[PDB]
Amino acid sequence: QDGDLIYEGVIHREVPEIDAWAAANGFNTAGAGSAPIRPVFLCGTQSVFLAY
Amino acid sequence: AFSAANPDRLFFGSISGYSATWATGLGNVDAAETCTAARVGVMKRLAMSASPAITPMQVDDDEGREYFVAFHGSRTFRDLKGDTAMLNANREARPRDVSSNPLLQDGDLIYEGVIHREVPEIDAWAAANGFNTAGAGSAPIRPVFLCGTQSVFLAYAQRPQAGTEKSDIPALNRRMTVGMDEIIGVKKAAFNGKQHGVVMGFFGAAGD
Amino acid sequence: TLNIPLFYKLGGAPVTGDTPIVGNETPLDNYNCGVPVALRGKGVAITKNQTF
Amino acid sequence: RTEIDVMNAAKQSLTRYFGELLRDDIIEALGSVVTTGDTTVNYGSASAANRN
Amino acid sequence: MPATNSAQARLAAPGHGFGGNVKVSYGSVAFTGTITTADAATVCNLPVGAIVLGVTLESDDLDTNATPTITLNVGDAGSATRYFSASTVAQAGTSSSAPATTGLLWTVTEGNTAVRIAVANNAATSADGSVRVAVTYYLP
Amino acid sequence: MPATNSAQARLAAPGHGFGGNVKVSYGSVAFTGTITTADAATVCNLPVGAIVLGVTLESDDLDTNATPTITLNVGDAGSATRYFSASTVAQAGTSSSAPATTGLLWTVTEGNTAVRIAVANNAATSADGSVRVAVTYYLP
Amino acid sequence: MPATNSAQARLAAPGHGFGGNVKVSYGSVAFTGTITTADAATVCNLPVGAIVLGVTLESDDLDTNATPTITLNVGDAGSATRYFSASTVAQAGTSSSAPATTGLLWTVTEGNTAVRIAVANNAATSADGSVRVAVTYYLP
Amino acid sequence: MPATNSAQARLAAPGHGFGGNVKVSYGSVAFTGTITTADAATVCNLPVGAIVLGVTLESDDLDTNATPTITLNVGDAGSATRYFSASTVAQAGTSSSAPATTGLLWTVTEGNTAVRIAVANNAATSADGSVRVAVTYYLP
Amino acid sequence: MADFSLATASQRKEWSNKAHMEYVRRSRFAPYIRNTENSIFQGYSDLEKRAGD
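Protein chains in written order, with our numbering: chain L, 76 to 127; chain H, -10 to 197; chain F, 7 to 58; chain A, 7 to 58; chain B, 9 to 148; chain C, 9 to 148; chain Y, 9 to 148; chain R, 9 to 148; chain E, 213 to 265.
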């Protein structure tokens, strides 16, 4: 019953909308030999501020 | 016209085998492109990124879980539970119990959040419509229906009722007729020329 | 027959900086689906020549 | 011409659009480009010299 | 093939209310005396963030000669001949009411928010009349 | 003699408020790369119950040749050449800003609510530019 | 090869009872006086959901001439010549009792549920007689 | 012009049930020995108040000669040749299954309720066979 | 048939009042947006008070 999964102390959470972002910015090309690449964001604490 | 209106809900042999014409799209599924557990996960991915979204059967908002039901037709169901990999998933992750293991006592089986139910009468349907040919090189193919919520509507007007009659003479009981009657309508949910909650998938079932 | 409606999601751009909430309109999408209903049945006869 | 309430269907789909609008900004913030000292430019609107 | 959808590519779309249901600005400058090339006057004034749709220029007969030679320019402080260049609608032989053909769909900048009328060529015999300008535009 | 008063023959008559004080729709499609006859793009989108007043088409110089041959069509999904047919305002020798002359006062039907720009003739030497369309209309 | 089994491809199959064990409709229109091409009369009337099997047309001798020229048409309000076209069974030299050959297996529509007899050609010498029509059909 | 609607001119009109959904009567007379013109036999019997629709006559080969000459008549006690006159379907060279062409739509009278087969011409060489008659009609 | 035969354009229809929506999949960043100091995505309500830009 799939979900997030912990391994070696890091929690791996899935966000499906990063494919919609990264395909529009040209990551389906511009690899080694024009291969598709994707970004992975390993974040700690206080990485994005939110001002209401 | 059914293709090139559902490009995110029709899954042929691969996504690199989609075509706008129907007869060419069924000619891109090979006999070696069978139904493994790594290709049904592609169909679950198409159901989570559809442009009108398909409602899953059960949602868990935290630890995000979305559940679906796939209906196989027994020739893609034996390739799914009998592959060389993905078969030690239900003997190394199930509890050591005999009366509940679908490896020893077969049944439906869950893997990566989708429930795989077997319907044996899809072979009777799909053989009559010409799926024993019209693959890549005239190979047999079978459909797999990954459906979510509210995919087929059912409109009831009258429940089935029974009745009998004494036909020829009621005194000389020489004839009698029994019968049953029903008013019903069944239709797949369609809005704006698109399937509401079904993802169709075509795999090459050899049938050995 | 029986007709069933559907409402879609919402589509445009967030009215950035200066723009009203009275100037720049949206529609909300709306569709239909109708299921037709028909009679159907089946019967079986029993004689007396084949019954004694 | 209808009987379904378009008013309540347009108010529910409007609270639900400002929830998708929030995580569309966090994905855009994680893929930012920090040029020099609090100068974060989005990845689409960044030049080749801002990325180098 | 790389001709994509516009910088507009995602939104909904305007109707009834307080938006930029298109607008006008009208002036009636009155010329009198003798008419030389040292003439300049504002007729109307425009916003900053606005895009022009069309300029209509109607005038009277200002040079009543057998060979008329009066000639007008319509523009602003940046470009003196931005909307009309060598109009010749104030001549007593030709017709008035010429629509604008140059520089239509462009966003007004700062310091360009006043429409001037400058006289380009001297009048052979100056008469008394008036010149009307109507500038259509809208706002976001 | 049987020319009666119109299908309009009885009512009062509009002014200040939320009616159909006339409106616009503006788009700026950006052409780039090479320019062939396989180009199509929406610039703006129209209502259903509306009647068009006028379409203004201003573009840049897109074909910088000694003999330019680029040619645009403006229309919708029903008729590809409904508003403009063989415009030639994107050529680097002629002038831009041509007003519409065909198909003005007509009620928009369903499925015809998106204005396309299609390229009719190939460009001899493709440049980089943009094309602007402003469509005036109103509502009842 | 793609000639599949019919739109019928799944069911059982009819016998003794209240179904559409085939039916008739019979009329005997009586012509009298002089006989021109301004004659029309119903003989019988049909259901809505029914398919015709065959029409039998028997008449008397209506034109007793050395060269007979009387000529009948049998049809309904939609098509005046749907069943019979130029019958000539009412002539005193030829034989009667002609079966229908055109338009047999077709579902009756609404407004076509009355069989007319119209006279196509004038009678050279009108006699007194009668015309009989029997239309076989059935119901689902 | 005086061709009015029929003696039928006022009523509704039949369907599912116990009416005169059309009917048959079938007989198979067997000829044997030598065949002369002194032969007569009933095959079937009809009602009183009934109107005939059509008679079907199928027989075997009864005269196997190089020049066959057998000839049948089908009728009743009133008219010996009412339905068929000089049939010649029992000859071994021609085809069987001839439909009736004379005397179709007529009400049976009293004493005419038995269909006879009489032999009109002598058989040149008598064989053994059988003759089948099917008479379609209905009742009010 | 030849019973009471009703017309094709005279047959009733019915339209339902209950409408369906499209699924949204709320947020995968939702357990991580807090206002404390040990959160990944941190919020500030300082401009929700008096004034500021």
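Note that the Cβ used here is the ideal one computed from N, Cα and C, for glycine as well.
Taking a contact to mean a Cβ-Cβ separation below 8 Å, would you say Y:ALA128 touches Y:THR75 in this structure? Their beta carbons are not under 8 Å apart, which means Y:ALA128 does not touch Y:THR75 by this criterion.
Is the shortest distance between the beta-carbon of H:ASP86 and the beta-carbons of chain F less than 8 Å? Under the Cβ distance rule, H:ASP86 does not count among the residues neighbouring chain F, no pair being separated by less than 8 Å.
Helix, strand or coil: how does DSSP classify H:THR13 here? Three-state result, H:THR13: helix.
Under the three-state DSSP convention, the category A:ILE33 falls into: Three-state result, A:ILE33: helix.
Using Cβ-Cβ distances below 9 Å, what residues of the stretch 27 to 48 of chain R are close to chain Y? Listed in sequence order: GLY27, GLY28, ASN29 and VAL30.
Check the Cβ of L:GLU89 against every Cβ in chain A and list those closer than 9 Å, keeping chain order. Listed by position along chain A, the residues whose Cβ is nearer than 9 Å to that of L:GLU89 form an empty set, because the closest Cβ is around 13 Å away.
List, in chain order, every chain R residue whose beta-carbon is nearer than 7 Å to that of Y:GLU66. By Cβ distance, chain R contributes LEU112 and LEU113.
Could you compute how far the alpha carbon of L:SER122 sits from the alpha carbon of A:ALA35? The alpha-carbon of L:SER122 is positioned some 10 Å away from that of A:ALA35.
With a threshold of 8 Å between beta carbons, is F:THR53 in contact with chain H? Taking Cβ atoms only, chain H reaches closer than 8 Å to F:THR53, which makes this a yes.
Let me know if Y:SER104 comes out buried or exposed under the rule of 16 or more other beta-carbons within 10 Å of its beta-carbon. Label assigned to Y:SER104: buried.
Can you find at least 3 beta carbon pairs, one from the stretch 91 to 105 of chain H and one from the stretch 34 to 51 of chain F, that sit closer than 8 Å? Touching, no, given that fewer than three Cβ pairs across the two stretches are closer than 8 Å.
Use the C-beta contact count for residue 268 of chain E: other C-beta atoms within 10 angstroms, 16 or more gives buried, fewer gives exposed. Coverage of chain E is limited to positions 213 through 265, which leaves residue 268 of chain E absent and any answer about it impossible.
The alpha helix (DSSP H) enclosing H:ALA117, as first and last residue numbers: Looking at the DSSP string, the run of the alpha helix (DSSP H) that includes H:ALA117 is 111 to 117.
Which residue from L:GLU89, L:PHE124, L:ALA95 and L:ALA105 puts its Cα closest to that of L:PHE116? That would be L:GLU89, whose Cα lies nearest to the Cα of L:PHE116.
For H:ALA20 and H:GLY193, which I take to be in contact (beta-carbon distance under 8 Å), what is that distance rounded to the nearest angstrom? Distance from H:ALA20 to H:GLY193 at the Cβ level is roughly 5 Å; contact confirmed, criterion being Cβ atoms closer than 8 Å.
Could you name the residues of chain A that F:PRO11 contacts, counting a contact when the two beta carbons are closer than 7 Å? Within 7 Å Cβ-Cβ: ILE10.
Give the interface partners of E:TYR244 over in chain H, defined as CB-CB distance under 7 Å, in chain order. Within 7 Å Cβ-Cβ: nothing; E:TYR244 doesn't reach chain H, min ~11 Å.
Quick check: the Cα distance between B:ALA85 and B:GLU118, rounded to an integer number of angstroms? Their Cα atoms are separated by approximately 10 Å.
Since L:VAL123 meets chain A, which of its residues come closer than 8 Å, beta carbon to beta carbon? Residues of chain A passing the Cβ test: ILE32, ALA35 and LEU36.
Could you confirm whether any beta carbon from chain B is found closer than 8 Å to the beta carbon of F:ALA19? F:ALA19 counts as touching chain B.
From the DSSP secondary-structure annotation, give me the bridge partner or partners of H:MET169. Note: H:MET169 is bridge-paired with H:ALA151 and F:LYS48 in the DSSP secondary-structure output.
Give, in chain order, every unbroken run of the alpha helix (DSSP H) that is at least 4 residues long and sits entirely within the stretch 24 to 59 of chain H. The DSSP assignment places complete alpha helix (DSSP H) segments of no fewer than 4 residues inside the stretch 24 to 59 of chain H at 29 to 37, in order along the chain.
Does the stretch 106 to 123 of chain H touch the stretch 149 to 161 of chain H, meaning 3 or more C-beta pairs lie closer than 8 Å? In short, these stretches do not touch, since the Cβ pair count stays below three.
Check the C-beta distance from residue 3 of chain Y over to Y:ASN81 and give it rounded, since I have them as a contact under 8 Å. Nothing can be reported for residue 3 of chain Y, as the shown portion of chain Y is limited to 9 through 148.
7 Å Cβ cut-off: residues of chain E touching R:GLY25: The contacting residues do not exist; R:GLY25 stays about 10 Å from chain E at best.
Residue-chain proximity (R:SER14, chain Y), Cβ-Cβ < 8 Å: Interface residue, yes.
With contact counted as at least three CB pairs below 8 Å, one residue from each stretch, are the stretch 15 to 30 of chain B and the stretch 16 to 36 of chain C in contact? Contact holds: three or more Cβ-Cβ distances are below 8 Å.
Anything in the stretch 214 to 237 of chain E with a Cβ closer than 9 Å to a Cβ of chain R? List those residues in chain order, please. Only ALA214 and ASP215 from the stretch 214 to 237 of chain E bring a Cβ to less than 9 Å from some Cβ of chain R.
Would you call the stretch 45 to 58 of chain F in contact with the stretch 160 to 173 of chain H, where contact means no fewer than 3 C-beta pairs closer than 8 Å? Taking 8 Å as the limit for Cβ pairs, the verdict is that the stretch 160 to 173 of chain H does touch the stretch 45 to 58 of chain F.
Against chain F, with Cβ distances strictly below 8 Å, would A:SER51 count as a contact? Not closer than 8 Å to any Cβ of chain F, the Cβ of A:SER51 fails to qualify, so no.
Under the rule that 16 or more other beta-carbon atoms within 10 Å means buried, what is L:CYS118, buried or exposed? Here L:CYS118 is exposed. Its C-beta has fewer than 16 other C-beta atoms within 10 Å.
Counting only beta-carbon separations shorter than 8 Å, does F:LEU16 have a partner in chain H? Chain H contact via Cβ: absent.
Would F:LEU34 pass as an interface residue toward chain H - the criterion being a Cβ-Cβ separation below 8 Å? Closer than 8 Å: no.
For the candidate residues R:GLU66, R:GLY27, R:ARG18 and R:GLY41, whose alpha-carbon lies nearest to that of R:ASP136? The closest CA to that of R:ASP136, considering only R:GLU66, R:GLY27, R:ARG18 and R:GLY41, is found on R:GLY41.
If you measure between the beta carbons of Y:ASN53 and Y:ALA132, is that distance less than 8 Å? Contact flag unset, no.
Which residues in the same chain have their Cβ closer than 8 Å to the Cβ of C:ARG90, if we skip the five residues on either side of it in sequence? Non-local C-beta neighbours of C:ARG90 in its own chain, meaning closer than 8 Å and more than five positions away in sequence, comprise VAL82, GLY83, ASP84, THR110 and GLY111, ordered along the chain.
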